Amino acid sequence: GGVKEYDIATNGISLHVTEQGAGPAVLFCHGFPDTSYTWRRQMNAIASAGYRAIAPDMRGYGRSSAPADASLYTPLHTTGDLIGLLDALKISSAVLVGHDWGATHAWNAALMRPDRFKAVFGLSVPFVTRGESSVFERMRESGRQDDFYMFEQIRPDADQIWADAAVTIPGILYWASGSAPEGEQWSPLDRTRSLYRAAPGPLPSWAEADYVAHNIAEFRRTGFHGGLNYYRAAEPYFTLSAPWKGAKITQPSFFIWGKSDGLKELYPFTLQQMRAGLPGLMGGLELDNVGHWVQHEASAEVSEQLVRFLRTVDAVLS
């Protein structure tokens, strides 16, 4: 027990890594705008269940390299980071845990190297197989150029409108959570209920003060340019993702989101319909009154499902 930190040189960048425990490897990948610290509770839970929790700051974030160039933030780059990390630690294989962009990048990693990534535990962002159409193209041809939030994030000025971390980190934690009043919650197609609105006072009890303070400090130092580069890379990445047009993830998986997550408006399918695409799905979970920040809003039941999942993966793997 107890978290250790170090830095790894992998895939042409420097990767800041935190880890805890011993036993089979579990690689945690956070999204926007988060850090490795987002996983401390789950790391501690699975470490006491006999697993090695490994959680880097993803590239763009924290004490990891954050190259200016948005073309460097496709799933090909971060999967190369995760391979080079497993290589550098002499780990043969790991189970993947992802949230937000980490979930998207993790889904891709599992497609690319099932020999190394033996299972995927996805949070908030469901796996959708690659299509004929990128999301940016559909939003444009259906008129949502001024509505689909990702366009606002891709703009170079998004750096500036996020920069005030003391305000924007508590704000996004609040307005994308199940705590914001219904009808006020962030929605991806409404420019008036933005992600970065100031929070209206103290954060709900589920938001651990040590975590909120940690991430405010990280993002006051780093800024948001690298995190926002994940959005800027997604459309250029549609061209390079064509090899996986109909590709499915067959290793065991598991999926959890919150029913109050505004993201759900973009995935109007059931949990039964996620097996087309994820045939190894061992079970899903829709949490009532949880928003986007499931590993904080429902910390204990995320830890719990992850422990149960890992044991089931152990049984399958044996």
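So that there is no doubt, residue numbering starts at 1 and follows the sequence shown.
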What stretch has the higher average Cα B-factor here, 77-85 or 142-150? 142-150
Mean C-alpha temperature factor, higher of 199-207 and 214-222: 199-207
Out of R59, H292, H30, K264, highest CA B-factor residue: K264
When you compare the CA B-factors of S36, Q42, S65, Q273 as listed in the entry, which one comes out on top? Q273
Would you please rank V17 by its C-alpha temperature factor against the other modelled residues of its chain and give the third it falls in: lowest, middle or highest? lowest
Quick check on the deposited entry: does the C-alpha B-factor of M282 sit in the lowest, middle or highest third of its chain? highest
Please say which third, lowest, middle or highest, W175 falls into when its CA temperature factor is compared across its chain. middle
By the recorded C-alpha temperature factor, relative to the other modelled residues in its chain, which third is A242 in? highest
Lowest, middle or highest third: which one holds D100 when the chain's residues are ordered by CA B-factor from the entry? lowest
